[PDB]
Amino acid sequence: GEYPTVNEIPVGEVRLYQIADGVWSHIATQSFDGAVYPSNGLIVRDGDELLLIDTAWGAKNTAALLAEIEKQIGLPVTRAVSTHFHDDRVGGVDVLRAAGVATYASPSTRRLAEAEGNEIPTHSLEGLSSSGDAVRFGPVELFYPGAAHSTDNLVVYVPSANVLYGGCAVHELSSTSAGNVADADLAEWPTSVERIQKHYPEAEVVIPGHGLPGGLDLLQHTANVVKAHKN
Ligand SMILES: C[C@@H](c1cccc2c(-c3ccc(CS(C)(=O)=O)c(F)c3)c(C(=O)O)[nH]c12)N1CC(CCN)OC1=O
Ligand SMILES: [Zn+2]
Ligand SMILES: [Zn+2]
């Protein structure tokens, strides 16, 4: 019943967690540079179909994700959006594409994925290139807050449930640093978080890219840990 962690998640297995009516997160674990990390994504019911946000960080994890969705939900995943270019967001796009899923990301994410040798979503999401931009995509709104964890990071809001999926631009409350900052803009990140706070003041659940969901406090906590990481 509690939100799952690695200690319940061997690498290769996937858990789903019901967030709200028609909204689940997915949780998987992966090894990277000799350490094991959890990571989240989102699943949103879209009538008789499902919209997937982010892969489960790897090909085998993403295959396991599709199997877990069939077991627990039983509706087809028809579209997926990746919220930035890192492997915890696009690793598994090839699996999705061979399982009938149409894969999408911004042009900025597609270019960065291609340049870095990561898997590349098929379709480009226009209308998101300026900070503060928002577009509708099925049952969600996609929002580009500005550079934060990465220059391309997108945020996803589920208006029916007031669920804010921050992706890796948002950290969990227990975080002690800003995570993997390799491609981050620590100077711009607080401004981007402030844009999220201003745009989604009615969010009830906030889901970070890694770790435990909570409420709006995750946004302020993220700004706090990023400002202190920078300093
Ligand atoms: C594949 C991805 C990656 C791999 C491994 C770990 C992470 C973390 C991470 C780290 C620590 C914490 C605990 S905490 C908030 O207290 O510090 C955390 F929650 C998340 C993140 C993230 O923060 O989103 N991304 C990671 N990658 C790869 C990459 C550059 C490759 N050239 O950059 C990146 O992010
Ligand atoms: Zn990342
Ligand atoms: Zn991440």
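Start at 1 and go down the list; that is how both ligands and their atoms are numbered. One-based numbering along the sequence shown.
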Donor-acceptor contact below 3.5 Å, side chain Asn153 vs main chain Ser150: yes
Plane angle bin for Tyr200 and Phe143 - parallel if under 30°, tilted between 30 and 60°, otherwise perpendicular: perpendicular
Non-hydrogen atoms of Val95 and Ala63 that approach each other most closely: CG1-N, 3.9 Å
Distance flag for atom 13 (C) of ligand 1, protein heavy atom under 4.0 Å: no
Min N/O separation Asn180 to ligand 1 under 3.5 Å: yes
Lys/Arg N to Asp/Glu carboxylate O, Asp152 vs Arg111, below 4.0 Å: no
For atom 31 (C) of ligand 1, the protein heavy atom that lies nearest, with its residue and separation: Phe32 CZ, 4.4 Å
Options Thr176, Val36, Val90, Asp87, ranked by nearest heavy atom to atom 16 (O) of ligand 1, top entry: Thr176
Close N or O approach (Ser175, ligand 1; < 3.5 Å): no
Metal site angle (apex the Zn ion (ligand 3)), SG from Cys168 and OD2 from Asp88, 10 degrees: 100°
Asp54 and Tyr165: CA distance, side-chain angles, deciding distance, side chain to side chain contact (heavy atoms under 4.5 Å, CB included) verdict: CA-CA 11 Å; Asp54 291 325; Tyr165 177 83; 2.7 Å; yes
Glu172 side-chain N/O to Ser174 backbone N/O, donor-acceptor pair under 3.5 Å: no
Closest protein heavy atom (residue, atom, distance) for atom 15 (C) of ligand 1: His171 ND1, 3.0 Å
Closest protein heavy atom (residue, atom, distance) for atom 33 (O) of ligand 1: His86 CE1, 3.1 Å
Atom 35 (O) of ligand 1 touched by protein (heavy atom, under 4.0 Å): yes
Where ligand 1 meets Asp88 - atom numbers and elements under 4.0 angstrom, heavy-atom basis: 1 (C), 2 (C)
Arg79 to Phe137 six-membered ring, cation-pi geometry met (6.0 Å, 45°): yes
Name of whichever N/O/S atom of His210 is nearest to the Zn ion (ligand 3): NE2
Option passing side chain to side chain donor-acceptor pair (under 3.5 Å) with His86 (candidates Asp183, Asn180, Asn118): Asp183
Atom indices of ligand 1, in the order listed, that fall short of 4.0 Å to a heavy atom of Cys168: 24 (O)
Residue part near ligand 1, for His149, under 4.0 Å between non-hydrogen atoms: side chain
The Zn ion (ligand 2) - name of the N/O/S atom of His86 that sits closest to it: ND1
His210, any N or O under 3.5 Å of ligand 1 N or O: yes
Contact (N/O only, under 3.5 Å) between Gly179 and ligand 1: yes
Verdict with supporting geometry, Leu219 and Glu194, side chain to side chain contact (heavy atoms under 4.5 Å, CB included): CA-CA 8 Å; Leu219 302 182; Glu194 279 158 16; over 6 Å; no
Heteroatom distance test (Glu116, ligand 1): nitrogen or oxygen, under 3.5 angstrom: no
Side chain to side chain contact (heavy atoms under 4.5 Å, CB included) evaluation trace for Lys71 with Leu16: CA-CA 10 Å; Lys71 170 177 180 175; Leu16 310 185; over 6 Å; no
Side chain to side chain donor-acceptor pair (under 3.5 Å) evaluation trace for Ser25 with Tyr3: CA-CA 10 Å; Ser25 65; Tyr3 201 80; 2.8 Å; yes
